[PDB]
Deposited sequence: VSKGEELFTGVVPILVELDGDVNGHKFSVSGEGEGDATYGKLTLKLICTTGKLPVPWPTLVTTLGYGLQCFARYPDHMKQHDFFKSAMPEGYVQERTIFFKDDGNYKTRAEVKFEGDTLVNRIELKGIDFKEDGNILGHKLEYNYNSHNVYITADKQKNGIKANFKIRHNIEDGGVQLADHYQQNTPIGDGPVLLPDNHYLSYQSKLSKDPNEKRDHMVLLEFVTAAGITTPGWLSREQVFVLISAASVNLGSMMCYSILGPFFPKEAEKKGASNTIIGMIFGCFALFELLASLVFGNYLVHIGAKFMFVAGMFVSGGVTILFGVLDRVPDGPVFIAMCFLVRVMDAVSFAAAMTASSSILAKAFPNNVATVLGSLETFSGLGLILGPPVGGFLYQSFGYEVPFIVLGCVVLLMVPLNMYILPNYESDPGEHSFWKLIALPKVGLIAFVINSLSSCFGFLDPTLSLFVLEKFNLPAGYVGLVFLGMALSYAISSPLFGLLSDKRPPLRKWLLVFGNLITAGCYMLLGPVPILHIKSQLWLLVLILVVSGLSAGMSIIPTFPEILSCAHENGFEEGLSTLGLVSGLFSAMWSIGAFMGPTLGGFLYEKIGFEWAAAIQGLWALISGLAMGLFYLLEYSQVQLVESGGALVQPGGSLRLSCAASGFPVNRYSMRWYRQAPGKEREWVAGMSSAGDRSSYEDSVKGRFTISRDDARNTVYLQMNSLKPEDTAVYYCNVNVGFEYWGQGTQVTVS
């Protein structure tokens, strides 16, 4: 960790100038924009002042967009290898030599300095031996750009770094143009710079235009990450810190709710919805740590003051005290839930479902700890006593959470609440979770009445079967959390099937007089256990799906979006808990439990079918799938098929790539937009044939007159703004 790391904790306004010559034609370009090193984001708007560019803009993307490598996000084992922020309070120099294949050369000198607030980059360019009928001077490069890798090794002799990479530009005729880049980077101002190990950076890029501008300009978007040296594999300090804290909080709150769980019941959810929405909307202004500790302090205060109601005289003071205890319990649980969910969403970015499943398992393992020590404290000390013993142990666990938790700081976002809530998929998520919470709230009060009226057992076995259903939920939560984490497209399927199995469970809850099924005990207990498993298999994949839809819509990453999605999760669980018991009790007094369970299960079933119909109707995502790999004797003939998913083939160009073992990727052939022009390598010239078919949205490559040289893995390449690849097929010849 260096001193210049602290400078890049925010947004940086950046300014770029270039002056260069190409065969006597001189140009000067100037640009402005922003950078963000927390996530690796660069956005520039770049305008010429001299006039027309005889050279294409993708030739200058590698000079201006790669000219600011200081906004690279490094993971926690790569902060030791940061060089760019090490010398940034004074500045560095970067010299680059670019060899275009079968054409001339660029040589650039650039200096990147930090003047005032702004970051300044000055570039001088020299261009040597360009043909007039070439891809560069003839304006033959497509107006999009590809994703790349940049490899950096160290250099002790100049205390700097040296990087090598290649850039594949697309030409309009179908082919590609290769540009090989060699750069050397050196500090100027004697700063303690970190000479790194061998590593590399991955660049995603995007290129567009501002439509209101009528000059010559480019809008450039850069995503950067860094890798190359593998992790130790075990956790960090902050992650074990937040796991111990969240586990202890979840244990304490669960056992507090288990040991002591109309106007006040509904106004409780009425304040709970508002508290969840307000805490979701304003979280960075309060902070995750402060709101964690505040929610735990108010929760412990509530469970201390719950014993005092026996010494409060009956009258207006009893109402004015129980009301305040009810609303403080509501806002304390809301604040603690949203704070814990947001901080664990930030702490584990890729493994978000596994942590939530593990905390659900610890909540179950803590609620099964209630009866023995609870009976010890009840028939050993008394009844006023166990609540204040619980309050003492929670208020002694609180300063640990004051000591341990890190200080995450962020800035307010660019969008609002109302843009997030207006998505269709999010509304269907909310409707599914309303069905689940309403089924749970209906299952609360009438089960004890049904057991007492039919089977003649008291509330002890009602609590026992509640324990069994919670245990099935606790077992089924982390496994399907791990399954939803590891496989992305199975997550939405587990969302649909969970609600469908839950609906089947609530229809088997009440034996329908049409269906002729008899009532007994172990069948009922088993259906409740399977209902717990279905609820667990549904509820865990909800939060990552809302996160994926939020990042897919275009919300900027940070803590604002995590806070909003956690607040919406708590809000939907609040409005479901509200809607559930009132409709369940109304249906129980009106028509009976037997049809009430059927109507509730049918509600859940139509919720799941609406979800499944939205998935069956409006799904589309860019994908390339391939087929045609086998083993053929030399001199044979083959056909390879690349089937696309979510773009028109007749409006975009297509490329075919190949790779040999122990060798880099090589371009084979390319097919343009209009379908009349094709491009080939001389090793596949006259032999390989490319074809398309826009009716079935598929492209094909046919081969004849085989050689042992063409044993390779073949790939299919598009660019629809981003670069998308395929999994490849193995083609072997003898």
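- In this chain the deposited sequence has one gap in the coordinates, at 262-278.
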